[PDB]
Amino acid sequence: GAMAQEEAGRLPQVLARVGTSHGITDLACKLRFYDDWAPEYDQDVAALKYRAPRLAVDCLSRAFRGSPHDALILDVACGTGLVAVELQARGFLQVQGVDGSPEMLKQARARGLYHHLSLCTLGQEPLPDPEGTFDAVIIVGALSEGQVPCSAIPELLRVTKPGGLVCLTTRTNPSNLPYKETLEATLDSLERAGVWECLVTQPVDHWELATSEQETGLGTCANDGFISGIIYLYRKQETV
């Protein structure tokens with residue numbers, strides 16, 4: 001029925017009438033028509049919006065002064081083989097990753113863009129990649145979603161060679177405005193410590209004032225974007 005109307009929910013039941021709710025309306029049935037020419041990539045709009053993938057590699061290479069030919073990049077299990085393809089384009093010939101779907105893995109493998117791919121689920125076990133192995137790594141989101149555990153992230157940067165570039169994105173809990181500082185503060189210490197420095201930061205449209213976010217209220221089904229939806233680049237071993 002109606003999602004908006006449904007609240008707590010009611011479980012009424014009376015012996016007298018068998019029908020749970022009145023309204024047989026079985027005399028006639030209304031007919032509905034829908035478009036059969038629906039586009040193939042319009043099945044999922046959200047998937048189309050990168051909000052990091054394409055933006056990352058352009059900027060990463062932009063802030064990458066090293067040799068992307070002899071550099072190694074690490075991509076997740078998101079079928080991100082395309083990014084690996086672009087990576088090669090942007091000079092990033094060597095890209096390694098790990099997939100968790102035989103179907104998706106085969107796709108990326110068959111791509112021939114990844115130097116090596118393996119079956120893993122971030123958090124299951126420590127990363128199979130040695131330290132200082134990959135010059136750079138690119139993985140957006142999934143860090144807090146449940147794909148790549150925050151514990152594993154350092155294993156990604158750790159395995160990343162000095163001067164390398166790591167571009168990660170994650171939910172920044174839009175619910176707590178002030179909380180974001182806690183996240184951003186952690187990065188700042190890491191930069192100050194010399195472990196890594198910012199190389200770029202895909203400007204997010206979530207930066208808009210989230211304290212009020214006054215609107216007409218026509219719908220706003222999706223979150224305004226108090227803090228979530230952030231993809232920012234970084235370089236291994238740097239002070240800020």
# chains A, B, ... in the order shown; residues from 1 in each chain; ligands from 1
>>> select_by_dssp(residues="segment 39-105 of chain A", states="alpha helix (DSSP H)", output="compact mmCIF listing (two decimals) with N, CA and C atoms, in the first residue's frame")
# COMPACT_ATOMS: atom_id res chain seq x y z
N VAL A 45 20.36 4.53 -11.43
CA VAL A 45 20.95 5.86 -11.57
C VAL A 45 22.13 6.05 -10.61
N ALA A 46 21.96 5.57 -9.38
CA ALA A 46 22.99 5.71 -8.36
C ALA A 46 24.33 5.15 -8.84
N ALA A 47 24.30 4.00 -9.49
CA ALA A 47 25.51 3.36 -9.99
C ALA A 47 26.23 4.26 -10.99
N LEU A 48 25.47 4.96 -11.82
CA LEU A 48 26.04 5.83 -12.84
C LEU A 48 26.91 6.93 -12.22
N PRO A 53 35.22 7.44 -8.33
CA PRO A 53 35.95 6.64 -9.31
C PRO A 53 36.74 7.44 -10.36
N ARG A 54 36.04 7.97 -11.36
CA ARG A 54 36.70 8.74 -12.42
C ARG A 54 37.43 9.96 -11.88
N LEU A 55 36.80 10.66 -10.95
CA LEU A 55 37.39 11.86 -10.36
C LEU A 55 38.72 11.54 -9.68
N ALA A 56 38.77 10.40 -8.99
CA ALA A 56 39.97 9.99 -8.26
C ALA A 56 41.19 9.84 -9.16
N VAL A 57 41.10 8.97 -10.16
CA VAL A 57 42.23 8.70 -11.04
C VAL A 57 42.78 9.94 -11.75
N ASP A 58 41.91 10.82 -12.25
CA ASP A 58 42.39 12.02 -12.92
C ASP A 58 43.24 12.85 -11.96
N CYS A 59 42.68 13.11 -10.79
CA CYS A 59 43.35 13.90 -9.76
C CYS A 59 44.55 13.17 -9.16
N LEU A 60 44.41 11.86 -8.95
CA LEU A 60 45.49 11.09 -8.35
C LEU A 60 46.72 11.18 -9.24
N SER A 61 46.52 10.93 -10.52
CA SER A 61 47.61 11.04 -11.47
C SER A 61 48.07 12.49 -11.55
N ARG A 62 47.11 13.41 -11.40
CA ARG A 62 47.39 14.84 -11.43
C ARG A 62 48.36 15.19 -10.31
N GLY A 81 37.08 -2.79 -12.66
CA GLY A 81 38.02 -3.07 -13.72
C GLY A 81 38.11 -1.93 -14.69
N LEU A 82 37.01 -1.20 -14.85
CA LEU A 82 36.99 -0.06 -15.75
C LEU A 82 38.03 0.95 -15.28
N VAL A 83 37.98 1.27 -13.99
CA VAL A 83 38.93 2.22 -13.42
C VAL A 83 40.34 1.75 -13.73
N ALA A 84 40.57 0.44 -13.61
CA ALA A 84 41.87 -0.12 -13.91
C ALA A 84 42.22 0.16 -15.37
N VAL A 85 41.20 0.16 -16.23
CA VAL A 85 41.40 0.44 -17.65
C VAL A 85 41.81 1.89 -17.83
N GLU A 86 41.11 2.79 -17.15
CA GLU A 86 41.43 4.21 -17.22
C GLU A 86 42.80 4.42 -16.60
N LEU A 87 43.05 3.71 -15.50
CA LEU A 87 44.32 3.80 -14.81
C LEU A 87 45.46 3.57 -15.80
N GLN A 88 45.35 2.50 -16.59
CA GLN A 88 46.36 2.19 -17.59
C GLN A 88 46.48 3.36 -18.57
N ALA A 89 45.32 3.92 -18.90
CA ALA A 89 45.25 5.06 -19.79
C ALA A 89 46.10 6.19 -19.22
N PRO A 102 33.14 -14.46 -8.09
CA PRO A 102 33.75 -15.17 -9.21
C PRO A 102 33.32 -14.59 -10.56
N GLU A 103 32.04 -14.23 -10.66
CA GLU A 103 31.51 -13.65 -11.89
C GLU A 103 32.16 -12.29 -12.17
N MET A 104 32.19 -11.43 -11.16
CA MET A 104 32.78 -10.10 -11.29
C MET A 104 34.29 -10.18 -11.44
N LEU A 105 34.90 -11.08 -10.68
CA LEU A 105 36.35 -11.27 -10.71
C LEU A 105 36.81 -11.68 -12.10
>>> select_by_dssp(residues="segment 5-232 of chain A", states="strand (DSSP E)", output="number ranges by chain")
A: 72-75, 94-99, 114-119, 134-140, 160-170, 196-197, 201-202, 230-232
>>> residues_around(residues="segment 227-232 of chain A", least_positions_apart="3", cutoff="9 Å", atoms="only C-alpha atoms", output="PyMOL selection string")
chain A and resi 51-53+55-56+140-141+166-177+180+198-208+210+223-224
>>> residues_around(residues="residue 192 of chain A", least_positions_apart="3", cutoff="8 Å", atoms="only C-alpha atoms", output="PDB file with N, CA and C atoms, in the first residue's frame")
ATOM      1  N   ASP A 188      44.268  14.929   9.694  1.00  0.00           N
ATOM      2  CA  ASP A 188      45.202  16.022   9.918  1.00  0.00           C
ATOM      3  C   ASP A 188      46.400  15.571  10.750  1.00  0.00           C
ATOM      4  N   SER A 189      46.164  14.743  11.766  1.00  0.00           N
ATOM      5  CA  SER A 189      47.258  14.254  12.597  1.00  0.00           C
ATOM      6  C   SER A 189      48.175  13.362  11.775  1.00  0.00           C
ATOM      7  N   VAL A 195      52.921  10.648   7.883  1.00  0.00           N
ATOM      8  CA  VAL A 195      52.526   9.369   7.300  1.00  0.00           C
ATOM      9  C   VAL A 195      51.904   9.533   5.912  1.00  0.00           C
ATOM     10  N   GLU A 238      54.036  11.979   4.089  1.00  0.00           N
ATOM     11  CA  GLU A 238      54.041  13.436   3.963  1.00  0.00           C
ATOM     12  C   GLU A 238      53.495  14.174   5.174  1.00  0.00           C
ATOM     13  N   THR A 239      54.016  15.389   5.350  1.00  0.00           N
ATOM     14  CA  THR A 239      53.639  16.263   6.452  1.00  0.00           C
ATOM     15  C   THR A 239      52.705  17.376   5.982  1.00  0.00           C
ATOM     16  N   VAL A 240      51.818  17.817   6.870  1.00  0.00           N
ATOM     17  CA  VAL A 240      50.877  18.889   6.552  1.00  0.00           C
ATOM     18  C   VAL A 240      50.430  19.615   7.815  1.00  0.00           C
TER      19      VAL A 240
END
>>> residues_around(residues="residue 128 of chain A", least_positions_apart="6", cutoff="10 Å", atoms="only C-alpha atoms", output="PDB file with C-alpha atoms, in the first residue's frame")
ATOM      1  CA  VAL A  98      40.773  -8.249  -4.942  1.00  0.00           C
ATOM      2  CA  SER A 118      42.409 -12.552  -5.666  1.00  0.00           C
ATOM      3  CA  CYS A 120      39.119 -11.767  -0.400  1.00  0.00           C
ATOM      4  CA  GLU A 155      47.066  -2.058   5.557  1.00  0.00           C
ATOM      5  CA  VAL A 159      51.495  -1.531   1.578  1.00  0.00           C
TER       6      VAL A 159
END
>>> closest_atom_pairs(of="segment 109-198 of chain A", to="segment 67-76 of chain A", cutoff="6 Å", atoms="only C-alpha atoms", output="Markdown table")
| residue | atom | partner | partner_atom | distance |
| --- | --- | --- | --- | --- |
| A:134 | CA | A:72 | CA | 4.2 |
| A:135 | CA | A:71 | CA | 4.9 |
| A:136 | CA | A:73 | CA | 4.6 |
| A:137 | CA | A:74 | CA | 4.2 |
| A:138 | CA | A:75 | CA | 5.5 |
| A:139 | CA | A:75 | CA | 5.9 |
>>> closest_residue(among="A:225, A:79, A:164, A:149", to="residue 122 of chain A", atoms="only C-alpha atoms")
A:149
>>> atom_distance(atom1="atom CA of residue 143 of chain A", atom2="atom CA of residue 127 of chain A")
14.2 Å
